[PDB]
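Just so we're aligned, residue 311 is where the sequence shown starts under this note's numbering, counting upward by one.
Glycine is no exception: its CB is placed at the ideal position from the N, C-alpha and C atoms.
Report on one structure; see the data block that follows.
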Amino acid sequence: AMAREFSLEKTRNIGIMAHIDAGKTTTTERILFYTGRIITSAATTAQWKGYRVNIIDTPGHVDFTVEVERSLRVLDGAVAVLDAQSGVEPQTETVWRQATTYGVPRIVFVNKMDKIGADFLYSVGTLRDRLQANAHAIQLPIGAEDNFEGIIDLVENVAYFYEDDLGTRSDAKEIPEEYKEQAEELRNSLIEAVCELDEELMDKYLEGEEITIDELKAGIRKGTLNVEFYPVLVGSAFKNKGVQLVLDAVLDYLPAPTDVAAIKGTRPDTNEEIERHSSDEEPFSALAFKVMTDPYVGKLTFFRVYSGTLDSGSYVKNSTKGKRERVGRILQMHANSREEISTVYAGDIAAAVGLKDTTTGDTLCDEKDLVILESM
Ligand SMILES: [Cl-]
Ligand SMILES: [Cl-]
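Following this line, the structure appears as structure tokens:
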């Protein structure tokens, strides 16, 4: 007998798109640490400043596999991590274009800034050249290599400094004098880019009226959600610098379940096109996306709930296979523990115990209102 701890609007289903060379694993470990306060898990339930953040693990393929399409549906937004040295590899391009097809909003994080030969401006440049994406910097790093001392937030128009310790973050002081000219130059470039995404901001810009910090964030978000803009951040996941800012950007610019289109399905035995809105008032529907052999509970079946709610110990239909399944226990895999929940809601992710015939890609739904989300 529990209600939602976190609302739809305050939910972030994210995935991290990057190669092992770009530092995907080390980046992921930092996110799990900051989001789990007070071996690779298929999906990790976590939080950040009052928001539910589900970190969905993604594969490292270089092909047009069906597993990626499913991995892109399960997540709503994504964090594309680039290597500061190389920038954009030929294999990052194939991943990027697939995300664009399914309309996945993405923020970019230029990792390994403290590494030798790291160049932020260069890396940002490759996105517009190679990928042909409208990527823009919302940050400017203070120094490179071991001189990498801090990060400038172009939106808030402030600077943060890192002592390279466990404390890491410091208060938001004024931008250093030697970086002000470039900072305002990039901030004004950012403001112009955003003005082209919302006419209301263009009008204020042309009339000479100031654009507030929140108006700029809204514009960036609006553009990022429409897959027309890609905010670019910087940091060093290896020495823990700028990772918390990425989490802030997830809240600020990545979509909540309601910010992406309602998922499309079909009624079994017919060609009828159906849509399931991301809401609790609708009939339950969910997509299973990973079956893991757990050592304690034996067999976990991870699933993304698109619509409705589901109580533990209740039946549902595996519409893909035409079988009844009893969701015995519902678990959420946290960073350092497991939580058994009595109810899972729309736009959330959990693992069901007790399923017999369900496999990756199958649809689980309310027995009284059937739907198959994946084509077969
Ligand atoms: Cl940070
Ligand atoms: Cl909706």
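Sorry if obvious, but does the Cβ on residue i come closer than 8 Å to a heavy atom of ligand 1?
i	result
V553	yes
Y563	no
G333	no
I452	no
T337	no
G671	no
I461	yes
residue 690	An answer regarding residue 690 cannot be provided, because it is not within the stretch 311 to 686 covered by the chain.
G545	yes
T668	no
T345	no
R636	no
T534	no
With respect to 8 Å, is the separation between the Cβ of residue i and the closest non-hydrogen atom of ligand 2 below this value?
i	result
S317	no
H587	yes
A572	yes
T436	no
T568	yes
Roughly how many angstroms lie between the CA atoms of residue i and residue j, to the nearest whole one?
i	j	result
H644	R479	24 Å
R636	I324	28 Å
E379	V414	11 Å
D474	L555	16 Å
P593	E585	11 Å
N646	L610	17 Å
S595	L557	29 Å
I521	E495	15 Å
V537	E491	30 Å
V663	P578	25 Å
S685	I462	46 Å
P565	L535	6 Å
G360	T580	42 Å
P400	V420	16 Å
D481	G552	13 Å
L674	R639	15 Å
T603	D524	45 Å
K425	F343	22 Å
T576	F613	19 Å
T668	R497	50 Å
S351	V601	11 Å
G608	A332	34 Å
Taking the Cβ atom as the reference point for each residue, do residue i and residue j lie within a distance shorter than 9 Å?
i	j	result
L597	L683	yes
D672	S629	yes
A356	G370	no
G518	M423	no
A559	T337	no
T335	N364	no
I417	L543	yes
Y515	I501	yes
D439	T404	no
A454	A493	no
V504	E484	no
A394	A409	no
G387	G435	no
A328	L392	yes
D590	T568	no
Please work out which residues of its chain come closer than 6 Å, Cβ to Cβ, to residue i, disregarding the five sequence neighbours upstream and downstream, and give them in chain order.
i	result
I366	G325, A353, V384, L385
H446	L500, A503
Going by DSSP, name the residue or residues bridged to residue i.
i	result
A388	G325, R416
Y361	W358
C675	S595, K627
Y563	None, per the DSSP bridge assignment.
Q395	None, per the DSSP bridge assignment.
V544	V420
residue 755	With the chain covering 311 to 686 only, the question about residue 755 has no answer from this structure.
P451	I461
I366	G325, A353
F612	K600, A661
Once you ignore the five residues that flank residue i on each side, which residues in its own chain have a CB closer than 8 Å to its CB?
i	result
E649	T355, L641, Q642
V615	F594, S595, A596, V654, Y655, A656, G657, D658, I659, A660
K627	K633, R634, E635, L674, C675, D676, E677, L680
Looking only at its own chain, which residues have a Cβ that is under 7 Å from the Cβ of residue i, when we skip the five neighbours before and after it?
i	result
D621	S652, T653
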